[PDB]
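Provided herewith is a single structure, encoded as structure tokens, for subsequent inquiry.
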Amino acid sequence: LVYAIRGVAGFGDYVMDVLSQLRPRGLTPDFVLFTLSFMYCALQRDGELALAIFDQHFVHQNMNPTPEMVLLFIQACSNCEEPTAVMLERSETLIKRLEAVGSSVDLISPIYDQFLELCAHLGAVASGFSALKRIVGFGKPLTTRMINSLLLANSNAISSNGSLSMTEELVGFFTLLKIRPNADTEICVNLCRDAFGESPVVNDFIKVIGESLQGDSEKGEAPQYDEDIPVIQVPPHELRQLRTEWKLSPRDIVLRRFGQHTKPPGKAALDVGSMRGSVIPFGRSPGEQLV
Amino acid sequence: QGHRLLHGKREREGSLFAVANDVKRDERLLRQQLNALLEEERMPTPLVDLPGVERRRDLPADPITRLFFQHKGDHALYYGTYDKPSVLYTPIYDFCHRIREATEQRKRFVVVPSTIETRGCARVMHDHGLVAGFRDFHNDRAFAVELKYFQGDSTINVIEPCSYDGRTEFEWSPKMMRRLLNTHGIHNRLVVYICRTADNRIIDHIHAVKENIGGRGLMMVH
Amino acid sequence: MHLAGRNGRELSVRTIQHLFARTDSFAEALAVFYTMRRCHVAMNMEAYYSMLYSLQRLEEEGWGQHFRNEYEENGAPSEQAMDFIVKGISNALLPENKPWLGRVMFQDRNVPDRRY
Amino acid sequence: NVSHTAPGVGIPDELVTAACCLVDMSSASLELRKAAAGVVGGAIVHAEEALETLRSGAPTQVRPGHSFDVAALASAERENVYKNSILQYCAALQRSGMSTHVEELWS
Amino acid sequence: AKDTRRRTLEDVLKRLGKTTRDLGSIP
Amino acid sequence: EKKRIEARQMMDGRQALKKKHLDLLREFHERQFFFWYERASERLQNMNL
Amino acid sequence: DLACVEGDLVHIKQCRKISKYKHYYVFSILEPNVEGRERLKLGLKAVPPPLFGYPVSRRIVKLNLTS
Amino acid sequence: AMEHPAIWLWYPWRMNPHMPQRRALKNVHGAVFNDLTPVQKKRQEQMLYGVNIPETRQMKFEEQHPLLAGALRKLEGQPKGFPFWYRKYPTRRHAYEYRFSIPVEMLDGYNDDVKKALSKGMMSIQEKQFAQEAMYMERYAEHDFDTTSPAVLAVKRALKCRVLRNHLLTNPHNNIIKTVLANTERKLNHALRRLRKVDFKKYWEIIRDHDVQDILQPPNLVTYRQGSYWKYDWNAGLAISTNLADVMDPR
Amino acid sequence: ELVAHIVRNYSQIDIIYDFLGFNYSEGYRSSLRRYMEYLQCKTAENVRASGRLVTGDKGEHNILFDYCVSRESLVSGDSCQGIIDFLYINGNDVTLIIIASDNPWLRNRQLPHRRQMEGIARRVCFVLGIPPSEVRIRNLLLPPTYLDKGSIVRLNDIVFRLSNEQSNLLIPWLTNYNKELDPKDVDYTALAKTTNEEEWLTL
Amino acid sequence: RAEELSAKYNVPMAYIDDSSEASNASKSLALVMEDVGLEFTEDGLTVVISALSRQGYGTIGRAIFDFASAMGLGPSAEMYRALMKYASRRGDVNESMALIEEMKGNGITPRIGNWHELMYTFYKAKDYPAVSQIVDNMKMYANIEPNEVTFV
């Protein structure tokens, strides 16, 4: 039901009502249904529907989120029109809850890339800059899209944070680490040039970008922009089900097929009819010495 | 946000369960070593080997006994060196059985398992002069009884639990305590009968008659 | 570092603590981290924790220069500058709100505190 | 009704966003714009006292689990949700002569 | 009490830090 | 009621101490994983032949 | 109102004669069986029925399986 | 830079008398692995990575058999260095893709034969059963080093019952496995019956997912007729476990 | 008539009302903030107040920062060392004003570590530009449900650097304030004795 | 440079001469203690404090103890015992218990000599069952086996 309406807009209240229909029908939502609902939220890029699902349908389950679930949640929150800081708070708590438990798949870099894109669309410079230590601690390399998201966060930071040295540090992230600049980098540094200051090292890096992007266009290459992280649209019968099979039958357990033998306890009957002695405190003869 | 309910004394005391899949594994030694790793030497002060209480209100009211205790925050837990001895039914039954089997072998210390009603019976036996002393008495798991001997033989002659079969317990009225104080037509301060009151105080048969109370009878010893 | 990763020698704890003490900014220390990650050098677990503590202290002084750059021109601190004083960096390996994350690792039972 | 209930601080948000469209149009009758200016100025002073009671009730909404910028972004959104309303109401009053009328209504 | 203070719109706009040219060009 | 309140507060303190000791055990298992990584890499170097 | 499900810890009280063997009534449900109600929502029985019970005779009731 | 002041007296008995940290680390490594039973040390070797390796980096089998455990050749070639990806794998239940809980980042420069010999097809029966255990441990654990949650313990008992039933299918004349299955089914009943009371949502998910709806049923009618089946909830301390505000309306 | 005279003459009767432990709804924390703001406005004499931040504009640091409410910030069953209520920077001195909790298992978690106080002082050196040679940071512990006379005297001595005579000149009702510590709370008095007798931590 | 010289090479502060008033005071104290047969060590100052304490002189021995503890020679349990000898000879119970709580607060576990001087303090103050109480609590809580002086 949730996978059928996946590429159809306007059915968000139907998704919100379907999740409320499980309780009168006796069903409880599992992680597959939450990943499909967040897949709908990430494909329709609404954002408020994923927060509405998370706040009053997913918190009460007290279950462990899969990395695909966190990836679809941050893809819904980042790509939506007019994001809020409440979505940043829910994404930070979901990232810390995912890191508090384990996983088998490797979705650290797209989750942190979409988190940096959400910090770009919200203007949170300190939240995205403090998230670089988490990419460092997991050993993942920095790409051009993450520093482009940091530059876009520095562009939209004018009330909150950001200064003339922050764009110089983001320029140095492209300069000395490894990362080659992009055709989306020259838009982000030009947006960060506005209402921040001269910064002649930033102007030198803009001139270096204007020479390099002219050189690769002289060689004949296509203008490379930041690629979009794709949304996983796999059917629910292949969604990494966390179960193999239990072929147990309770009829063979209760009726004790295969000769299931329970050893009886040793003289633990404890009945009243067999007792024929009067019970006195300390017994009849309390202190008896064998001589 | 729904939170998981803590079920049992192991989850309510916050057990780590470091050993894989085993919930009944003993935890005091590893937790004591981790708590010893938690403390640090502060330089401009560390803790002593005396026992500690977790709260300042848990200090003893005696000023001489308060010299032997100090205030440790979370390092007051997991104190002790002896562990729970094994190989019966009741801790009072095991406490009587180990003393009875170690007074015949003429041993100096008996490691008995420390419960609430065990260390109170031991304190009452130490007050009446049947026990010379104790070792590691603040340990909540097991403590050593230093026995008393005089001219070759043991001071404790007969020590028997009230639950002689180990299962059936008894509730003594104050009429029973007055019977135990005047038994066989004499005045009995010789044989010590010990009970546990409803206020969880371990009281002998003399002080129970003195304030007209009864309790659950634990053991006798003379 | 490519030569050190080829010969297979371990960098000591005193070496890397002195290596990241000569680093001025936060951007230069990430260059040293991704060089030694690329060159596949070996070190101790204390050498990794003392490295990430230097990355924690280099971001903290970077925001301290930023929040004083706006203080000198405005004359009074903001609520975000005073919130940086109490809280500081949230995402950290060894944060100050739980001062027990270096007792098992380091033999000295103390996080090394550098001063300038 | 809102000019009657101007001390009646319980006010629906529909009545102001409907009267702003009455301010924005030019072909309407001029007598409706006096009450439209009255409800707009009442919502302006209600947003002002809402900003003052939001700034006075500062330390109840702060969570120490966040960083120094997430609480700042939350307080900035809570203040901007009142600031953008005033920026919309004064921009609606800019295209009419009622912005002079609320000056004499306030004085 | 500040009863002689101006109760116009302009002090409200300068408390929010906006000029009338910014309000003419915002929507 | 005072006894029940202080019992609940004692349980909360036990939970906090459990969290601290779990962090210490995390660091211990990290250094044991480092030992395992050294031994496993030394064995895979011989497996490569 | 038919709210008692098999598995509820209930508090009953004495009352008048309601039927030939009914002189008590459910005063409060101190603990509802959540699993029984969720099984009744699924269209199943509240409690799955036991496979053992009372026999029909002292003679060993042999189950006959023949063609 | 300055010259030190002169020491004017000294005695050798002052020089006669970090080590508590080393003793506590050795006692911690003893209480974690060395002071256990063998059936607990096997599960500790299954779960944790380097509990066998002590501080001295020499195993108990290595110190008695140095030629068989130690490496025979010492090659100067491709040193892997420090693992920067170690945060993803704190326990061996996090990496069950390859054999011996080897992560994907450890096999980088080896050819396809070494990667194929450590694949899922080459795993043993114990490694496949531990992968099945870790599949549910990824789903129901509270933290990464958690193995004693009731949802985790219930699925561990159920996987054990499945293994014992699959052994009794091909070999019905094994009389020990009959008693072990009869004990493991009762322990599974206890674990699921406490999971039903302490966390009903995970219990209902486990019941729905694995097609076992009647796994909690009373065996006998005569004992069920007297309320002895529901007396388990009172006698185990589970009667007030369900939150009434989150399920029904308690008014 | 008596309540009218109390309201007219005693302008800070809500502060004395909350400080004596009569307020069971919200406590004395807001009255403590209003008291400290009133005592800052009569010593710095040029005060700007924006939300939860009060600052003097003389160039000398006179800053009162209302950080959080530690009653709701202290999560029961959490491992987080150090949650303060107020932060007062007076010249070169730094005071972490903490109201203790009713949970005795949370008072040991409420006070910050020495390393955390050194980090806070280093952040003060970074933000305010004050050199770290003369920088002192000191904890201050206050009683949970009330505020006794000795706590207010220590608050005037340490935080605002006022003696008894100038505090009686600025505050008239301080002389007749006779609230003392309750005898049945002995662990708080031990913790406050070990805290208030501590030297200023120098970075 | 002596303060880090004392920390690097495990030398006490009194053993380092930097031409100070404290260095000259330690030199005069060691020059006097050489004349009476002692060595100016942890064990010599115990004899100094005990010989001062048995002749009155509580504040003088306490000042010598504070100068010794400030100059690197650590406050061992036997120096606290030599301090408690003054209160034991005088019979002042409260000063001896204050010294017990002071050595507990400084991180020094009280050995059997401290409990012996506390028993002698309660004996000199005519509190005779308190000696048996200290013996019982030392066996129970302190886990210290009694010597023959304990029986004496």
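As written, the chains take the letters A, B, C, D, E, F, G, H, I and J, and residue 1 is the first residue of each chain.
By our rule, contacts are C-beta pairs under 8 Å (C-beta built on N, C-alpha and C of every residue); 3 or more make two chains touch, one makes a residue touch a chain.
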Joint neighbours of chain J and chain G, given as chain labels: H
Most widely separated chain from chain G, with each centre as the mean of CA atoms: J
Chain pair with the greatest number of C-beta contact pairs: A-H
Most central chain, Cα average position: F
Centre distance in Å when chain E and chain J are each reduced to the mean of their C-alpha atoms: 77
Whole-Å separation of chain centres (CA-atom averages), chain D against chain H: 60
Geometric centre distance via CA averages, chain G-chain C, whole Å: 66
Separation of mean Cα positions, chain F and chain B [Å, integer]: 32
Touching two or more other chains - residue numbers and ranges from chain E: none
Of all residues in chain H, the ones touching two or more other chains: 21, 25, 28, 32, 48, 80, 83-84, 86, 90-91, 142-145, 199, 204, 214, 217, 219, 246
Multi-chain contact residues (two or more partners), chain B: 2, 4, 18, 34, 37-38, 74
Inter-chain touch pairs (all): A-B, A-C, A-D, A-G, A-H, B-C, B-F, B-H, B-I, B-J, C-D, C-F, C-H, C-I, D-E, D-I, F-H, F-I, G-H, H-J
Of all residues in chain F, those that touch chain H in their complex: 22, 25-26, 28-30, 32-49
Chain I - residues contacting chain B, complex: 104, 108, 114, 186-187, 190-191
Residues on chain D engaged by chain I in the complex (per definition of touch): 55-56, 58-60, 62-64, 75
Interface residues, chain F side, partner chain C - complex: 20, 23-24, 27-28, 30-31, 34
Parts of chain C lying in touch with chain A, wherever the complex brings them together: 25-28, 30-31, 33-34, 37, 52, 55-56, 59, 62-63, 65-66, 69-70, 80, 89-93
